[PDB]
Amino acid sequence: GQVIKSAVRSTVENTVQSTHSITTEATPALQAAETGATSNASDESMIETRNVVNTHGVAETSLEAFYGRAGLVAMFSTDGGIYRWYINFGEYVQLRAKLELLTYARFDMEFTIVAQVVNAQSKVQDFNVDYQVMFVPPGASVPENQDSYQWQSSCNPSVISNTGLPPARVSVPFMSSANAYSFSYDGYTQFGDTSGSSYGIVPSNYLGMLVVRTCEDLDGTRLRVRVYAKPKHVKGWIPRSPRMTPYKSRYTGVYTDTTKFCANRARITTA
Amino acid sequence: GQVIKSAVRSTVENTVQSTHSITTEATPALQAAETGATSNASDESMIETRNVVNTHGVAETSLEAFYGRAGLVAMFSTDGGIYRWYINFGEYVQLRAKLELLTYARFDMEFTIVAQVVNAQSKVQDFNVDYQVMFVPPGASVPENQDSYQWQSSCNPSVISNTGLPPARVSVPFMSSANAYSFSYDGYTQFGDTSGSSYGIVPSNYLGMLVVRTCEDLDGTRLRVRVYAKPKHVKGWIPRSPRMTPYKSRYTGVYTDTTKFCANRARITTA
Amino acid sequence: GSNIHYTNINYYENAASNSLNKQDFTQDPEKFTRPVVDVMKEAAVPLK
Amino acid sequence: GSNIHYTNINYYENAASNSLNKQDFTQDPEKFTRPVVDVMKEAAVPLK
Amino acid sequence: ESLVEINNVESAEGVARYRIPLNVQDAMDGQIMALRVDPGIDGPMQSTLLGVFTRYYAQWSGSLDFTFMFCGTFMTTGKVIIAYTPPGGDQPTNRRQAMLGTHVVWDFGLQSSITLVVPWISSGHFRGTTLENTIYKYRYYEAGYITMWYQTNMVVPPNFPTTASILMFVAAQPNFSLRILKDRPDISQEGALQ
Amino acid sequence: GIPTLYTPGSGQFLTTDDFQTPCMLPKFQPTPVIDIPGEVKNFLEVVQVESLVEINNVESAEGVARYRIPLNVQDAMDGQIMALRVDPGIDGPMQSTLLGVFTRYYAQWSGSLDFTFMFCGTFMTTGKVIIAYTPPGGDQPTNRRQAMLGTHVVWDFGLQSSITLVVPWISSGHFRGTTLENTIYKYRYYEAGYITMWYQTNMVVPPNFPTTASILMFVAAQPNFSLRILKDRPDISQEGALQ
Amino acid sequence: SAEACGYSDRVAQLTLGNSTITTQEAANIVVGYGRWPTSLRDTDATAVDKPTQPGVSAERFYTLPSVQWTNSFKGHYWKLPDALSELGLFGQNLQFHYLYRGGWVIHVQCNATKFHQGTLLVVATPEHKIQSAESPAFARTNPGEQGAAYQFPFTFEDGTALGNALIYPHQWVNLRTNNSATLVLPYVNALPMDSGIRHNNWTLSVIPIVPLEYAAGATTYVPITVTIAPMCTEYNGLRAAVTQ
Amino acid sequence: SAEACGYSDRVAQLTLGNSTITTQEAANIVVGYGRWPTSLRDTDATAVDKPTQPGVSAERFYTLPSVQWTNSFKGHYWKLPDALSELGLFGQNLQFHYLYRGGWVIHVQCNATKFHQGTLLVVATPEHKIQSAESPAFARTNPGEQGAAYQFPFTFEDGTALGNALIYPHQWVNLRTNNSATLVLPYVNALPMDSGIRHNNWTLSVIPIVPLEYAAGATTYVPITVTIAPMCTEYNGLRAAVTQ
Ligand SMILES: CCCCCCCCCCCCCCCCCC(=O)O
Ligand SMILES: CCCCCCCCCCCCCCCCCC(=O)O
Ligand SMILES: [Cl-]
Ligand SMILES: [Cl-]
Ligand SMILES: [Cl-]
Ligand SMILES: [Cl-]
Ligand SMILES: [K+]
Ligand SMILES: [K+]
Ligand SMILES: [K+]
Ligand SMILES: [K+]
Ligand SMILES: [K+]
Ligand SMILES: [K+]
Ligand SMILES: [K+]
Ligand SMILES: [K+]
């Protein structure tokens with residue numbers, strides 16, 4: 001059903017020399033935005049151009065180049081030697097805004113965990129301690145305490161490292177039950193309920209939680225943890241209008257209304 | 001003597017389009033559970049189906065994928081700088097329940113040891129200390145103290161590491177005198193004795209013990225140790241009915257009787 | 001899914017040292033689902 | 001720019017473990033810039 | 001196939017929980033039983049072979065085989081309708097509503113059993129194995145309902161037992177698979193076992 | 001063991017690093033890739049799509065009104081209609097456009113720009129306007145005579161409602177910084193010039209017709225446009241973690 | 001001559017089922033993402049039951065209640081398939097099945113005179129969330145055939161810039177140029193099929209960006225009418241009728 | 001073996017759409033006038049619009065409310081398509097179109113025990129008029145899904161002999177022999193298609209000719225259930241929904 005081809009290019013378009021044009025035939029400059037099509041007027045048709053063999057690449061704007069780097073997704077401190085983090089990317093806005101530039105996307109992810117010990121006054125300590133990060137899929141029992149049996153982790157994947165070792169790091173595949181993650185969902189989470197709190201969230205985007213603990217009890221101190229995520233092997237569909245208002249909630253895209261995006265100037269005739 | 005073949009598949013079965021059927025001949029829906037055979041009625045015979053080229057894989061349910069990850073099997077603290085652990089997987093229920101899903105199985109194992117120093121109040125310490133884990137096969141002398149001669153370990157395999165280094169790890173082959181480990185044994189441990197305490201345990205499953213010590217004496221502190229085991233290269237026979245009651249003892253499958261497995265609901269006619 | 005190409009060299013003497021098996025297929029379950037002597041075709045009645 | 005030659009061997013079983021993709025090209029943007037049924041040539045008027 | 005602990009009510013203990021009660025009716029089109037088809041949620045399915053393994057995973061896909069065996073006397077007759085209601089609303093309230101979905105009409109006879117295939121009908125290729133809502137809002141994945149109704153009536157000769165039982169079996173079909181291993185929630189402990 | 005010597009950088013976590021790492025689920029098999037319309041492989045595909053410039057960014061204009069360039073029947077000749085720096089990544093009317101947002105995700109840019117305008121007055125409303133691009137060197141042109149010495153297009157209102165003024169890439173260097181921040185980096189060095197619009201003749205209308213009308217302004221990157229050096233978009237921020 | 005001279009003719013006829021729509025002032029026809037609606041491939045499908053394909057009974061044009069372009073008009077929107085969930089056999093098939101998949105042909109109509117001026121953005125947005133409220137009201141997320149009035153057009157009801165909505169399939173109805181917009185939309189989702197009573201794949205918005213003005217004394221009552229046709233539809237998971 | 005030995009097997013399975021019906025005590029299957037349902041030929045058709053062919057959404061088994069075989073039971077009847085005019089998508093397609101054409105698969109069910117005796121005539125009669133009254137009541141000519149009780153079985157409600165109803169496609173449910181009857185019916189009419197809300201092409205009758213009797217103490221409550229599936233249907237003349 002695709003009537004519009006999409007040939008690939010590895011460099012931007014060259015410029016070809018052009019000459020003057022005095023005619024009633026060709027009128028490149030005349031357009032009609034009503035059609036929904038972006039102007040097709042070329043540089044060569046609007047002015048006399050020279051030859052430019054343009055070898056500028058297009059690599060840094062590819063989805064892989066744009067998304068292919070780590071960004072903070074979680075940051076917390078244990079309480080009682082444990083912390084439960086529901087896996088979602090709405091807490092920290094930078095990566096969140098990037099993902100919302102696409103409607104659907106498939107990608108693997110590389111998670112990197114940086115942890116250190118801090119005291120009650122939030123002062124960092126030079127203290128090496130073993131910590132465990134366990135991935136608990138929905139339906140599996142979440143440990144209530146630092147020493148609960150679930151930490152045996154015989155089925156749940158776990159990564160045990162030390163604050164004295166380099167950051168922990170593991171890759172995860174494209175795990176959704178869907179054929180792509182959705183960063184915009186105009187629907188409800190369940191049948192039979194139309195409450196606002198169940199709107200705009202696609203449950204399949206939630207793969208579970210990460211529960212963290214120190215293997216043994218710290219004496220008066222806590223474990224500070226930062227989780228970074230890096231999308232890999234990205235495939236994306238349907239570009240979206242970029243976020244243009246501050247985020248306010250972790251789970252919804254609610255925003256404060258505004259009458260302007262850019263700041264005002266004295267007059268439209270003075271640049 | 002095998003009259004039933006077992007061809008291998010790498011994907012689940014496809015669905016083929018089907019049409020209506022009005023006949024006295026073919027009756028796929030009629031079954032007879034008394035035969036001991038599971039119904040052979042196919043989707044295509046019960047309803048009109050469409051073509052579905054199903055590429056869903058079957059990898060994550062293979063024995064290797066199910067068992068191929070580490071699970072806790074031992075956890076203890078030294079006393080007097082030493083601890084003797086009889087190698088058995090009945091102390092921690094998660095891995096135990098998994099293994100009991102098979103009657104017989106052959107597999108190699110990867111043991112990973114995570115250790116750290118803790119004080120008398122069980123508070124973890126940032127203290128690097130050398131520790132030794134010695135495998136003592138049945139019949140070999142087990143050291144009584146932290147400084148006994150057996151630690152020379154000239155024949156017994158030993159692994160010496162440090163709480164400041166990454167977890168220790170070693171692989172072990174399929175060591176049973178039998179041709180497979182048994183996770184269910186309806187028999188006794190010896191001839192001439194029919195006491196209940198010698199029932200349901202196959203001695204060949206017990207390969208010895210792991211004795212642990214710190215190479216030198218800690219001052220007031222102790223060594224906390226966790227041992228994880230990961231089955232590898234698994235071959236299994238005769239699937240078993242899954243455990244459906246809590247475990248109560250480390251060496252027996254004794255359980256508390258129950259009148260129900262799932263919780264009750266108001267009525268059978270309301271889902 | 002799994003890579004079509006990737007390193008597969010054993011560095012150790014004993015097979016017990018090797019990484020996990022990479023087959024992971026399934027087999028016809030008939031030995032468990034239909035361990036009967038007489039074939040009972042899907043289109044016919046089971047007993048006669 | 002990118003190296004014409006460099007190591008490209010996968011050490012892990014699952015493709016999710018692989019390093020980033022190295023294509024990075026762009027494609028004709030027509031599906032977004034000119035998603036119209038009738039072709040409107042640059043030299044002609046759009047509507048008649 | 002393994003037995004579903006279908007009659008999970010206060011009055012049923014132990015083995016009795018596997019029996020679906022059937023009895024001579026004095027009214028028509030009555031309901032016999034109902035159940036959510038989801039294999040991994042708490043309920044009658046949790047103690048089955050299918051349920052246990054499904055509970056060792058986070059996602060599932062595939063058609064399900066629900067087979068029923070009538071256990072009344074040779075002289076006891078009857079016809080019942082078993083229906084699968086794809087999701088969207090609540091379980092069907094009456095036989096007329098139920099029969100609009102996927103179903104099979106079972107006639108008690110020499111062949112004691114019948115199979116109702118609950119075909120895989122889902123928006124996505126997989127479904128979560130839990131319907132836990134408070135945290136994950138997984139109610140999103142509900143697979144629907146299976147209900148049974150009298151098509152005619154259970155009929156018996158003079159002085160015969162006017163009540164009988166049906167055993168319910170469930171198993172995965174050949175297009176079934178599971179993904180993402182997780183610890184089975186049913187296996188737990190307080191302290192280390194001795 | 002093979003003798004090795006580990007080097008500087010060992011253990012570091014470079015956010016842009018690209019190594020292979022163990023997978024949490026080594027045998028996991030993802031859902032199949034299905035046919036979904038609108039696949040995008042490079043964001044250059046997005047910036048080439050025209051979007052509205054928030055051109056009338058003045059105190060008296062709120063919301064939707066900020067997209068409209070005011071035009072009105074004149075009683076004097078050669079008057080100015082609007083002005084704007086052409087730089088796609090600086091604060092101003094361009095910052096909220098598709099082109100502007102992505103340009104703000106990068107440190108450098110290159111390429112010609114497509115500025116298209118659509119007249120929205122009545123069918124009977126006529127007029128001719130001149131739109132000019134003034135390459136850098138001085139200040140924005142003060143009058144139509146000065147403006148017309150640069151790159152320009154004369155637009156005649158008619159059946160074809162729109163016109164395109166291509167702001168060709170005319171730069172000393174192959175790329176320009178996306179910001180003109182001066183106090184620290186002195187990037188005013190990169191200013192790309194100005195786009196100004198003037199009445200060529202006049203907006204003319206029949207009796208009792210609206211004597212004011214609007215022009216909508218669109219902007220997009222041309223096929224020779226590219227961006228380099230990813231950076232965090234300055235518009236996206238937060239105080240504490242969101243709940 | 002149109003295909004020869006390389007231009008788009010201003011007249012158009014859309015015929016589906018027993019319905020025919022004509023316009024003499026069109027501005028070409030947009031085909032979302034350059035893709036016409038297509039049937040679900042055997043390699044993408046997951047639901048195993050044979051689907052229902054209603055054909056002409058559902059793939060035809062349905063005209064919704066008109067909306068007035070008032071002086072204070074901020075815009076109007078309709079969710080799809082929500083807007084047609086109770087219209088004709090399309091609505092019935094949507095209600096009787098758990099799963100639905102389909103494309104659309106949208107025709108927005110608004111005529112005035114050569115003495116009027118005004119401009120409407122006609123855009124079809126995939127997964128358009130109405131999230132300007134802490135707890136969105138069902139009346140606004142699923143307004144039905146009547147559609148709902150915009151309250152926050154500048155922010156597109158979702159916290160983005162109205163001016164960037166052009167990244168989605170769209171056309172404009174600029175009174176001096178045309179009196180209608182036509183958009184062909186393929187099915188878009190991260191799934192092969194989905195529930196038509198729990199998820200709206202597209203949202204049609206008609207937003208005035210240039211207010212309606214006219215020569216003094218001209219007709220002031222100017223309606224906007226939307227006519228939509230489901231295209232290439234299929235349904236799975238038959239049962240009793242269920243609405244949201 | 002059945003086709004080899006030349007006999008009819010007592011078991012049967014009828015599968016249409018998402019529905020499957022089974023019986024272990026059938027008496028062969030009747031195909032009315034030896035003709036299976038067929039589509040309207042281009043040489044027989046007159047309505048020119050492309051028809052709607054709903055497929056599995058309407059061609060499936062619909063079970064109607066059961067009827068009790070009481071001591072004074074005279075028989076029961078259902079008009080087709082009247083009985084299914086408000087059931088599922090078959091009913092919706094019937095209501096939304098002026099014209100309808102289709103066949104049927106009828107399965108009548110009535111089980112008792114080897115201790116019961118009784119015989120029901122199960123007959124499908126084309127153009128069966130309920131004309132025992134000077135002015136027939138609509139409640140009796142079009143009883144809907146509940147069907148109507150016979151008042152004049154001996155005269156077949158139409159002034160003919162009950163015993164001659166065998167000239168129409170039929171079977172018997174003789175309790176000692178079988179517990180179900182199955183009839184496949186082709187579309188019959190003097191026209192290519194007709195209105196499903198003004199004309200009933202067939203009437204299904206279940207009439208007790210040998211009263212229900214049984215060993216003293218046996219179950220006395222014996223229901224009769226009818227399950228009917230439209231087959232090979234097509235509709236023309238789409239418009240708003242209209243019922244009789
Ligand atoms: C054992 C080591 C732990 C490592 C972390 C494993 C995390 C597994 C979860 C992967 C899910 C990532 C995709 C989420 C995308 C959806 C984001 C959102 O909408 O909020
Ligand atoms: C020197 C390093 C020490 C590493 C540990 C070596 C352990 C050797 C013992 C291997 C036996 C494992 C199989 C046990 C299976 C039976 C389990 C049970 O029934 O309880
Ligand atoms: Cl549950
Ligand atoms: Cl629930
Ligand atoms: Cl700036
Ligand atoms: Cl400046
Ligand atoms: K080039
Ligand atoms: K042109
Ligand atoms: K352009
Ligand atoms: K396959
Ligand atoms: K069979
Ligand atoms: K089966
Ligand atoms: K059709
Ligand atoms: K069809």
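Atom set for the values below is all heavy atoms of this structure, side chains included, hydrogens, waters and symmetry mates excluded. Numbering of ligands and ligand atoms starts at 1, following listing order. Throughout, protein chains are lettered first and strands after them, A, B, ... in sequence-line order, and every chain is numbered starting at 1.
Across all their heavy atoms, B:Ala115 and B:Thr163 have their closest contact at O-CG2, 3.4 Å. For G:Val48 against E:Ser63, the heavy-atom pair with the smallest separation is CG2-OG, 4.2 Å. What you find for B:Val212 and B:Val133 is that their closest heavy atoms are CG2-CG2, 4.0 Å.
At a heavy-atom cutoff of 4.0 Å, ligand 2 is contacted by both the backbone and the side chain of B:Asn88. With a 4.0 Å cut-off on non-hydrogen atoms, B:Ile113 does not touch ligand 2 at all.
Inspection of the E:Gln111 and E:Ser113 side chains reveals no N or O donor paired with an N or O acceptor under 3.5 Å. For the residue pair B:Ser184 / B:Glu100, no side-chain donor-acceptor distance below 3.5 Å is found, with atom types taken as modelled. Using modelled atom types, one finds a donor on one side chain and an acceptor on the other under 3.5 Å when comparing B:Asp130 with B:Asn162.
Where the criterion is an N or O separation shorter than 3.5 Å, residue side chain and backbone included, B:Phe89 meets it with respect to ligand 2.
Annotation: the span from E:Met148 atom CE to E:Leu116 atom CG amounts to 8.5 Å, rounded to 0.5 Å.
Here the heavy atom of the protein found nearest to atom 19 (O) of ligand 2 is B:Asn205 ND2, 3.1 Å. Looking at atom 10 (C) of ligand 2, its nearest protein heavy atom turns out to be B:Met175 SD, 3.9 Å. The protein heavy atom nearest to atom 3 (C) of ligand 2 is B:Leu210 CD2, 3.8 Å.
Salt bridge status for B:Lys5 with C:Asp28: absent, with no side-chain N to carboxylate O gap under 4.0 Å.
The cationic group of B:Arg240 does not satisfy the cation-pi geometry with B:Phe183, failing either the under 6.0 Å distance to the six-membered ring centre or the 45° limit from the ring axis.
Ligand-side atoms of ligand 2 in range of B:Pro157: 1 (C), range being under 4.0 angstrom from any heavy atom. In the vicinity of B:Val172, heavy-atom distances shorter than 4.0 Å reach the ligand 2 atoms 6 (C).
Looking at B:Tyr86, B:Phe107, B:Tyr181, it is B:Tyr181 that brings a heavy atom closest to atom 12 (C) of ligand 2.
Each protein N/O/S atom under 3.4 Å from the K ion (ligand 12) was counted, for a total of 3.
Listed by first then second residue, pairs satisfying side chain to side chain donor-acceptor pair (under 3.5 Å) with a partner in residues 57-69 of chain B read B:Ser62-C:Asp24, not counting sequence neighbours.
Put simply, the angle at the K ion (ligand 10) from O in B:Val12 to OD1 in B:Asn14 is close to 110°, to the nearest 10°.
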